[PDB]
Structures are given as C-alpha cells and as structure tokens.
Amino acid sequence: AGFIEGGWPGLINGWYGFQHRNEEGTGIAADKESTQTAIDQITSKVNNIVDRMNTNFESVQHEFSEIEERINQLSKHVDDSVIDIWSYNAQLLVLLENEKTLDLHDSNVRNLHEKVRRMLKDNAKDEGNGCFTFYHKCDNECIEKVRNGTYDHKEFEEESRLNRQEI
C-alpha cells in the first residue's frame, strides 16, 4: 500500500513516512526530517499571514452635523472601502496560499519518493504505486538505514544484480 493509492490512518508522529514489509513483519514509521521541514515552512506561512504581512488598520469615525453630510459620507466611504480592501487581501492571500500548501505537501512526499529511489538505485524495482520491491533481503537493520538515509547501495549491489539477472 503506497502513496498513489492514498494516505495512511496509522502514520502516527508525522505527515510523511514509510510502510515496509520484510521477513520480521510490517511497520509504519514517520520521516522526522522531511516532516519537520514542511512544519518549519507551514509555521513560516501562518506566522507571515497573521503577523508581519498583517499590516494593521484601525477605523477612525468622527461625528458630523446635519450640514456636514458630505464630509460624513466621505469619512464613512474611506473606512468602508479600506476595510473592503484589507478583507479582500486576507481572503485572497488565504485562497492563494491554500492552493500552495496543498501543492507543497503533494510535492514534499514526491521528493522523499525520489530521494529514496536515488539511494536505492538498481537494488529495488519502482512498483509505480509509490513502493519499492527490493532485490535483496531487507531486515529491520536494512530498513532503518533506508529510513535514516544511510543506505549504501554497494552493501547489497551484487545480491541485487544476481536476483534481478535471474528475472
């Protein structure tokens, strides 16, 4: 079950990670590093929208007599149209940044998928559904090396070429 067929209820401590099946059993485990980066980025996005790019504007309304109706209507028109402007700016920025947030998550998961394909090189078949059948036994020591990005493809290069050759 990979990322093309959907998300995982059961990814506990993160937004992106890996599901494996080996001989010692099955596991789901979050990717600490690609998750934290996404969180720093979305924390930047929120903090930019609610403060720093949230330039402050407070309504100043005065009183006017019955023959100051021109200045009354003008002062109220200033207040109304400037609220309308900050209100467009907030709704638009949210709408444009919502599209970008959704594209960032999509784009972050597909970057892990390719950081892992490049580590795995000739030792795993890309099943296309966002998975990898290895060409060698990948025990829990091997899996944790794929997860923490210490997987050297030379350690399993010959074993892989031999199992693959025979297919």
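Quick note: we count residues from 1 along the sequence shown, nothing fancier.
When 98 to 106 is weighed against 132 to 140, 132 to 140 comes out higher, by mean CA B-factor as recorded in the entry.
When 154 to 162 is weighed against 10 to 18, 154 to 162 comes out higher, by mean CA B-factor as recorded in the entry. By the numbers in the PDB entry, the CA B factor is greatest at 52 among 52, 62, 70, 45. Residue 56 sits in the middle third of its chain by CA B factor, as recorded in the PDB entry. For residue 26, the recorded CA temperature factor ranks within the highest third of the chain's modelled residues.
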